[PDB]
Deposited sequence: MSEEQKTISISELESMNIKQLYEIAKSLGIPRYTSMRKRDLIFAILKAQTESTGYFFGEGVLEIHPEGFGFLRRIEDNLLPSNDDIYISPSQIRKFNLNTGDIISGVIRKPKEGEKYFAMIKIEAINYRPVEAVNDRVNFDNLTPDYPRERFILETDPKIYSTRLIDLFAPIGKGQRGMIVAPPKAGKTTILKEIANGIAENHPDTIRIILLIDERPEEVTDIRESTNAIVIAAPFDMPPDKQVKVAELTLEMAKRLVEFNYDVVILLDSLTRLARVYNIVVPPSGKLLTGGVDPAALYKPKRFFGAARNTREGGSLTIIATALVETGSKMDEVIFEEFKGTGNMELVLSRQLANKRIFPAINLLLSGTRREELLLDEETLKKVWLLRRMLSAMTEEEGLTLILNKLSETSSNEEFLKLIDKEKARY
């Protein structure tokens, strides 16, 4: 058996089932005090061995500096998301808003603009081009049926806290999820969390947090929130080293001050942004990406000089036409090309 450690207040611990969304259960495993204890291991850690655990054969897939200590650095190795020529979303991302290991990405998403499809495509791109990366998809407040759709169909560690889970439990799934990923980076892995979404993560933390803040506006107690910020802020590359990429959605144009608000508190805190367009979605042009508002710092770290200059030109012409003319033009050329490579040859 195997699972995700959960050191209890005394000193003993259980292993959580991913297939349980990391929630408590029998059959959860049991673990010494004491083993721990040396062994020397903390929460988030993944244990496997014979079972009730007679003994441990691997912690995190292996028989170590601490996360907060690791030296943070800019992302320096790109994710190549492009696979099949018809998946336009990832072809565009690789050009206009590349994502690297350690990226702190925001997908800005108005209602019904294909946010979930893009997530799955990003997830599948990394699975194909970067099989050794560990992929996690955390869904907070998700509709139950969207879970099974995302899970089959990507790969793919999908942990979910659906809108009918009790709030304090929704939170524990999120935090344990983060701890597990931090543990893995410590062990030199490249890790990705696709988070749908920060908005709802936020809202969950609102309901459950107690209740002292500097006055509401949500009604939202600044205390949030934290801790969602601390979640998103955890993304980083490291010297010593391993990366945590976080691509998280931020909801917009949903009609909620909550919500707004919320968005306001996150607006601009990413170092990679992919904005989705309602007008382009109503339109009904997909992927509904607003390329002009999308991008990443400091992208010559990710794009070679040749590519970057061409994308710059695409930008200037494009900034000189409507969004739909976009887009459209770019989607056509894409469109007619069996790779971004070839597409680039034509500039």
Stretches with no C-alpha position, numbering per deposited sequence from 1: 1 to 57, 109 to 118, 131 to 136, 421 to 427
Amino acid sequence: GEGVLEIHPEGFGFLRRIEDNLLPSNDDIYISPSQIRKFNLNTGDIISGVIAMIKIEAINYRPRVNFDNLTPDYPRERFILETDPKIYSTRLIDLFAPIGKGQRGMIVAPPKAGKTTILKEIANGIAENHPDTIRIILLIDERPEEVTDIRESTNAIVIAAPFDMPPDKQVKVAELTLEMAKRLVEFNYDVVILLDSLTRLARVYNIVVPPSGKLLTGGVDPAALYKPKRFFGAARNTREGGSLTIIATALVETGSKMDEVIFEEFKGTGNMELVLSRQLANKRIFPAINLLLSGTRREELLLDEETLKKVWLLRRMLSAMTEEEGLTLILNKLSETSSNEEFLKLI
From here on, numbers count along this sequence of modelled residues.
Stretch with the greater mean C-alpha B-factor as recorded in the entry, comparing 214 to 222 against 173 to 181: 214 to 222
Between the two ranges 114 to 122 and 158 to 166, the one averaging a larger CA B factor in the entry: 158 to 166
C-alpha B-factor winner, where the candidates are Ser48, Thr322, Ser294, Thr307: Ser48
Top Cα B factor in the deposited entry, candidates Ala202, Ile93, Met258, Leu244: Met258
Among modelled residues of the same chain, the CA temperature factor third for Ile137: lowest
Third of the chain, ranked by Cα B-factor, where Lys229 sits: middle
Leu198 CA temperature factor, ranked by third within the chain: lowest
Record-listed C-alpha B factor of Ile289: chain third: lowest
Third of the chain, ranked by Cα B-factor, where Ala127 sits: lowest
